[PDB]
Structures are given as structure tokens and as C-alpha cells.
């Protein structure tokens, strides 16, 4: 389990229907494409792995005619054991890949909270919220500059340092 979900974030936004991962902001809402794509491609990867899996089988037991009793209870025991095995394989599979699923969906959030952290650089500060604080007036252009992933910390450090230390 990574920090992001069911952790320092206390809530998920029902308003966001456009993507899994998003940006909200006070200013004077959007969602990141690449992160969602990264998180959905891997759900489709084991959706893909799961959907296509089979050997041809014949009818060893008969429906309409009584079979020899010893070979019949041997067939019943064999079938019952194969059924138990496959049920266990099944429950293990779904529990493992659900675990992996959630843990990853956490990881792809944190991977690009760690993008933003390292893009804002020293021009912003970490909070308990998980919702970054900007100390300098960024218009809708600065914020878009956050989300596109082109930007320049250089162009604002001289400014923001003055706001952090006074």
C-alpha cells in the first residue's frame, strides 16, 4: 500500500468522471491523461490475460446409463479434486490480482504526485492535505504549465523565496 489512497488523502472526488487522477485548484478542475492511461492499460493487460485461456474434453461419465460403481466413484473423486483445485486457483488469482490492482492504482497516483513535487521544486511547499500550496500568483497559464509538464521553476524562484522567508 502506497501513501496516496486511504492515506494522507481523506477523500476521492465523485465530481471527476473524466479520469481516475485529477487536479483541483483555488485560483484568481482537470485530470491528467498519461497517469490514467498508465493505470488503465494495466487493467486491460490482465483483463486481456484473463479473457483468453483450453484442452478439448470428452464425456468420461455418462448421463443416461449407470456406470460401473468403482470406476464411477473414482471418476467422482477425480473430478471433485480437480474442482477443488481450480476453485482454489481461482480465489487465489482474483485476490492476488485485486491486491496488485489496488496497490498499483495507488502507485500511479504517487508517481505523479512526485512529478508535481519535483516540478514545482522549491516554489511550493508540502502540506498534510496532499493538495499543494502555491505562494505566487499563478494564473490559469501557470497551472496549465503544471499539468502539460512544461514549466520553469527558474522563472519563479527569486519571487517565491521572498514569500517563503518573510
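Numbering follows the first chain given and starts at 1.
- The modelled chain breaks after residue 28 and resumes at residue 29, leaving 4 to 9 residues of the deposited sequence without coordinates.
- Taking the PDB entry as given, 86-94 carries the higher mean Cα B factor of the two stretches 71-79 and 86-94.
- In this entry, 117-125 shows the higher mean Cα temperature factor of the pair 117-125 and 56-64.
- Annotation for residue 36: C-alpha temperature factor in the middle third relative to the rest of the modelled chain, per the entry.
- Residue 141: CA B factor lies in the highest third for its chain, per the PDB record.
- Among all modelled residues in its chain, residue 112 ranks in the highest third by Cα B-factor.
- Residue 131: CA B factor lies in the highest third for its chain, per the PDB record.
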